Amino acid sequence: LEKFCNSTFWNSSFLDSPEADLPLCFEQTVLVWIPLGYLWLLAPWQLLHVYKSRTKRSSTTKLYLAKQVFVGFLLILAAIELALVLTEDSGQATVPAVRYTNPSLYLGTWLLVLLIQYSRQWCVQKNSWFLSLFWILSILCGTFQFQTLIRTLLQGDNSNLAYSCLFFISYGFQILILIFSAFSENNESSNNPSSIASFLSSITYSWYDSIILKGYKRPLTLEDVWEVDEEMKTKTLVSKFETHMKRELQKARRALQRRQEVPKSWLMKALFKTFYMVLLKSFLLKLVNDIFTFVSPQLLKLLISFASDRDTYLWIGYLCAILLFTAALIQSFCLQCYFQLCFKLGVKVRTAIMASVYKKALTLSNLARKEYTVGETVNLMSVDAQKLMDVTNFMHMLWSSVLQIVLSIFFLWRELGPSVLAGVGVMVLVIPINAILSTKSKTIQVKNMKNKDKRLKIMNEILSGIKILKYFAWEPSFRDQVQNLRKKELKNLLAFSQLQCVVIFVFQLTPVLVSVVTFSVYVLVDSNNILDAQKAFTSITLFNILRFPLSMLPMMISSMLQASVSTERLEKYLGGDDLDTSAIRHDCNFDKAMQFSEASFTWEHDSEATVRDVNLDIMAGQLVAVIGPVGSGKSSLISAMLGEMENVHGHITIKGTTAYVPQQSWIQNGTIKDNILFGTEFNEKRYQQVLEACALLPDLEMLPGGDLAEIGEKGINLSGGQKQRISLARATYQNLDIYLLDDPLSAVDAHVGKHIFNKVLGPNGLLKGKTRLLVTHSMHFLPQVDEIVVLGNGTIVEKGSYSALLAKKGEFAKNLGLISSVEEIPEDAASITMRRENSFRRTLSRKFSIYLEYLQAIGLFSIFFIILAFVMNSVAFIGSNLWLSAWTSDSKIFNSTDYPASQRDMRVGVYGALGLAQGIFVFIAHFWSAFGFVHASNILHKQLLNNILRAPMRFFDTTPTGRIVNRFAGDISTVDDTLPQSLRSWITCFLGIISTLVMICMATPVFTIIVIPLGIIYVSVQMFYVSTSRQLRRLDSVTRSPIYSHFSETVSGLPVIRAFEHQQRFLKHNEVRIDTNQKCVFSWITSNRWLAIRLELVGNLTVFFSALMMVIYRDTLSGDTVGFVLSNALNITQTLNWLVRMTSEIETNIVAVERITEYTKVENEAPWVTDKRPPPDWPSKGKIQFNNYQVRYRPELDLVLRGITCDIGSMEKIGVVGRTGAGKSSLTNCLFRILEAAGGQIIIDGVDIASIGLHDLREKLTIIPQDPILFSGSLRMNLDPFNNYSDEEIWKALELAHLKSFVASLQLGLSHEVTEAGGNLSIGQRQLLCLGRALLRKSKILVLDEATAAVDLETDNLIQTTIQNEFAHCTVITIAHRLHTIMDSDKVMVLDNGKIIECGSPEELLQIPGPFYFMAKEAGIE
Ligand SMILES: CC(C)CCC[C@@H](C)[C@H]1CC[C@H]2[C@@H]3CC=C4C[C@@H](O)CC[C@]4(C)[C@H]3CC[C@]12C
Ligand SMILES: CC(C)CCC[C@@H](C)[C@H]1CC[C@H]2[C@@H]3CC=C4C[C@@H](O)CC[C@]4(C)[C@H]3CC[C@]12C
Ligand SMILES: CC(C)CCC[C@@H](C)[C@H]1CC[C@H]2[C@@H]3CC=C4C[C@@H](O)CC[C@]4(C)[C@H]3CC[C@]12C
Ligand SMILES: CC(C)CCC[C@@H](C)[C@H]1CC[C@H]2[C@@H]3CC=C4C[C@@H](O)CC[C@]4(C)[C@H]3CC[C@]12C
Ligand SMILES: CC(C)CCC[C@@H](C)[C@H]1CC[C@H]2[C@@H]3CC=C4C[C@@H](O)CC[C@]4(C)[C@H]3CC[C@]12C
């Protein structure tokens, strides 16, 4: 190279000076060879890759011509430079070839740049990574030439000016070209801008931000979320996975058959063989990032060394700061891309498993299907697949730990020595302790869950039946009855809370402990050891680096253990056998549409044949009926026709299609029209005919929505009579060839059955040509059939026509969130794991004022002290660092053989004391925090319960029960579980950040300036993220439940699905429903990565400046002062991301307190007890009177009852009777003050009901409930919750009620338990018991109602007479509809539309014609 060039390649004199620079020999050689090599070496492929995939050229845009003209300018500039150089010196001038090759080289390269750019015009991504990286390499290499050239000229030499000006122009044009090579230049494809995006946009995610702007202004819906790429569409992933699954299983089955004469491991392989490439790429990226994790500490040590002494050069510090900035930037850019790749792979695996499970479900054999449960398979897809997604989101950790740890350990020893082991051991002993406490926490949480479940069950009953409680005034008892359970749960909650505090304490103080032990052991083990700043601060940095893997490796091992059993379970279902179909021949026999050649089928595998030796044939257009006894096997025969049984001997010939009407009707979710259509083009000449013939017209008219009324699990639940007619209508509208009806006229009555038979299926009906096979139990329609068969014991006994069988004279005669892994937020490694586990376990079972309110519930007195403790801990932290910074500074004064013992002891005793103080203050803060919450949950729930239990009926009527009960279950769980964890983590993160900034600003009072700008950027970048992520969190939940709903529906109705041959439609529906959720998950997976690049950039900028500010003031700075500032600021990048993410969860979770508060402040009704007390034995006589009583249910609604003036005498029986909508039932709800008194008043015993207190009036009144309701518990609780009576008087009551026979001979006496609404008891005694309930009170005024409607005749009679025999010295008012029953009333009151009309004796009312007489004439009682 010496003869090629003219100057020396490298000499110490070039450097080793205040001013130092590489010569124009090293810079004009290697620095102009690296950039060219990258372009030349890796061009061919980047042309082969374009050559094979050449498509249509894209329209030309201004950017293209600009990029082409700038390169042309470069070309002409290089050409003119070469010409000038050649012309300058030709004769007697041995010009070095550095002036010949370099010019020519560039001229050669620019040509390739022009060509490669044109070729890109024929691909999707125009600006790829190749050129974008080339330009950066060129600029970085050419900055050095620019650095020296300028100096040479500035120094004062004028020898070379053309070259400098030429080089300067080129360097600029290069800058401009790089700037132009970043614009997206989009084709504006509505699918997604991810495919069309330059390198820089696709590496800083500056294309998602459009959505960030769209969601900030207005709420965003499913329309404006970009669709997923084709490579991820469900249809594509399945095929790819299916190929390898099919290829593997067969080999696994062969291996299992060859040996041991149910596969063992195939799923895991099928996944690796399908997705190895993404694994390889992610592994490479993770390996590259793993390197930067240990690069920083070396630059930090270099900074400490440079700042320690004084006789150095500034360039060293400036270069080190620039290198630190660049390393941080590169590490962040690589890490984000690795995260994106891994999470995308996880989503792909989850979709490819869920869709494949769904596709198998509808082709599995009957045996395996009957082995499983309907909910079990849904839980299988909803739980197993999700578990596999997690173990594929964090697998690379396994290898990225055993390596990281090793590397870290190596650095430590080279830095300190064997003392390091002391720290590691203390950092290893923590994990064992952590386990003993997790097991205890789980043990407590199990009983917590059990007691919580017991509490909610009583809540549901009282909320649903709030009417009966109000009538009998039983509210006070349930208060304490539920408060007992509340306290019993609260004690366990407090125990669990204080246990969780010990765990956070050990994970919180471990950094200081390891530091005190390591430093003390190192300095005290040998007198020769001297502590210096570089070693100490670098050791701290490596300890902080190593602290994570040793704490995530335990978690990863536990997760893989769960995924093992999850995989094992799925492989049984996805590898199950298929039903056999080599028994039904779909041939066009034509001679017959059915043939049985001595068939014999069995339900089980090899058990007894349910159908044995059956042989029959029926021609087309023949209606034949199959009859027999119970358990004969008809439905088994029709299922064998469908082919749902295992063949044993014989074959069945079927011509044409088939239609099925199952005995147990199956109804989907949706409108009635959708169910009737069942995937068919809508018509008008047939739809109307079907609905009318099936007599589904009158009922449809009565439905609230008519034809478009939502039916199914989440809608009107129809009865057997209707659901059967809907199924029959669907079957008859689909219009197939062969109909197999299984008892379709059982739920309907005689009229509807006759109409359907004469209009739909029969001699003259819709299906008059198609063959019909009907199974029946009624002999009413037998004469109108063609042939009948009598099945017996699974075989045919007699087959013949109606007349023939009757003539045969035999048997017939008698017969007729937002978190994906624990690597993204490593500090909160535990809480995240617990939340996942809790959610998985819970799946199986199934204006700043609110912050002030929650703090007031907690208690501000304790809040002040807790904040004081946390703040004091931060001060003790900064204090310890300054003591070390002083301790490390101490070394320069002394030497190896001058260190005294007193200094050695003093420099460590104080360090130990400060560590102890830090530990104590944290422990105290955590100790109080736990209690400060258990009290909050108690006051919030108790306060809420008393208020909600006292609300008037309006509120209970307007709001659905579901909303009210959810607050008592979900919110209370949220307010006492995750809430405290986040509320206690956020303050720790904020105080850590604040403490770090005080330290840097203290050392450099100048730093205070940068704080303001960063804050404005931080709080700005912050609002944006939350303003969008919150909305996407909701969309995801709304677009998930559908999938599991669909799977449950198809699994339940498989035979009907497979009888109609309608599987492709359902597969397509499932594929669409999966692609809707797969589109929404990615939209938040990308957003999290957007925030990171922005915040990691901010966090790296705030440390770059600090470093530079300590090089311009280094004259006044020591080596240690440049240690505590950088050693801490090095970990401020990720803490910002953690704070934003954690403050985006606390904000979403505070919604719980808000809801609870609204119901705690619901309007209340009149006070229960007032000072006005009634005279003793107030209801002495039954004297009621109404003075123009007028009332309205709600203020916005009009008066329902008006102008009421009647008199009620003592010991008088009154019958209230009227028309519909006359307010008869309102009269009762007016005597118990359930409503108010818009006009008039009610006076009883001379005392207006208003004056008497609420709970003081109801006690002395009795009413028989309209719908007898029985609460859970024991028989004593239903009869007397208040345990006021004794058993003796109770035992008399059942004797009067004719129920002592049942209760005396029961399993127990009065202590027998009852299930829900008395489910254990039968209907007969449920209505009877409520009679006895009211009997015990033996009040004076009894308000009866029409509640004997479902009471059986004999029982009814008993009830009627019982009333007369027992209630004689009392006043009885009865609202009834049995006009006949109303005959003995002393006065009969008549209501028309809310006005008293006739008041007289029934004999007088009938003697004189009138509205009552007209009603009796219509009724015909007399
Ligand atoms: C790794 C690089 C890129 C960044 C780190 C800073 C580099 C440029 C610095 C740090 C320490 C420096 C060395 C320190 C001491 C000497 C001895 C002297 O007689 C010749 C220069 C030499 C050998 C220096 C060369 C430049 C150097 C290696
Ligand atoms: C666009 C970027 C990449 C250019 C980077 C190089 C710049 C920042 C550097 C490289 C060489 C530097 C020059 C080197 C020497 C001198 C002479 C001195 O008496 C004043 C400063 C001055 C004039 C420096 C100014 C800044 C400078 C021009
Ligand atoms: C590594 C890449 C990314 C950045 C390169 C930055 C280079 C061009 C910069 C960084 C620090 C700079 C040096 C800082 C200080 C001095 C002392 C001055 O009297 C002469 C110039 C000199 C010696 C500079 C030369 C150019 C320099 C080395
Ligand atoms: C070049 C880009 C990429 C990085 C930025 C580097 C900056 C911080 C560097 C590059 C050139 C440097 C300057 C080069 C020369 C001098 C003259 C000297 O008497 C004081 C320092 C001073 C003024 C330096 C300050 C720091 C400096 C401006
Ligand atoms: C140990 C516990 C009791 C500490 C309590 C700390 C209090 C003061 C903290 C915890 C949660 C915090 C809130 C969390 C989120 C936000 C949203 C942000 O846009 C404005 C500040 C605001 C509204 C915070 C205000 C201060 C806050 C209420």
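Residue numbering for chain A follows Swiss-Prot; the residues present correspond to positions 2-262, 305-859, 886-915, 963-1538, in that order.
This entry, so its header tells us, was determined using electron microscopy, 3.6 Å.
The backbone N, Cα and C atoms fix where each Cβ goes, and this holds for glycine too.
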In Swiss-Prot, the member of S195, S1153, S1438 to which phosphoserine is assigned: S1438
Record-annotated N-linked glycosylation site (source Swiss-Prot) among candidates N7, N836, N1247: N7
Membrane_side_equal(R1083, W1200) from Swiss-Prot: yes
Annotated N-linked glycosylation site residue, as Swiss-Prot has it, among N12, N1436: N12
Among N1011, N1216, residue with annotation N-linked glycosylation site (source: Swiss-Prot): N1011
Range annotated as transmembrane segment - as stated in Swiss-Prot, picked from 658-678, 721-741, 1235-1255: 1235-1255
Gap-flanking C-alpha distance, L859-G886 [26 residues absent from model], angstrom: 66
Residue, out of the recorded positions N12, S675, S678, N1011, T1336, whose Cβ gathers the largest set of other Cβ atoms within 10 Å: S675
List of residues, in chain order, with Cβ under 8 A from that of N7 (N-linked glycosylation site) and at least 6 apart: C26, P97, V99
Proximal but sequence-remote residues of the same chain as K677 (ATP 1 binding site) (Cβ under 8 Å, at least 6 apart): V669, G671, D785, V818, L834
Å between Cα atoms of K963 and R915 (gap: 47 unmodelled residues): 34
Interface check, the transmembrane segment (127-147) with the transmembrane segment (314-334), three or more C-beta pairs under 8 A: no
Spatial neighbour of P672 (ATP 1 binding site) that is closest, considering only the recorded positions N12, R1335, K1340 and their CA atoms: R1335
Intrachain neighbours beyond the transmembrane segment (1235-1255), with Cβ under 8 angstroms and 6 or more residues off its ends: 339, 343, 346-348, 350-352, 371, 375, 576-577, 579-580, 583-584, 587, 894-897, 997-998, 1000-1002, 1004-1005, 1102, 1105-1106, 1108-1109, 1112, 1115-1116, 1119-1120, 1134, 1207-1208, 1211-1212, 1214-1216, 1218-1219, 1222-1223, 1226
Contact set, same chain, for the transmembrane segment (166-186): CB under 8 Å, 6 or more residues outside the stretch: 62, 64, 67-68, 71-72, 74-75, 78-79, 82, 127-128, 132-133, 136-137, 139-140, 143, 146-147, 150, 194, 197-202, 208
Nearest-integer angstrom distance between the alpha carbons (Cα) of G676 (ATP 1 binding site) and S1341 (ATP 2 binding site): 52
Spatially closest candidate among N12, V673, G674, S678, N1011, the listed recorded positions, to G1334 (ATP 2 binding site) (Cα to Cα): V673
Cβ-Cβ neighbours of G676 (ATP 1 binding site) (radius 10 Å): 24
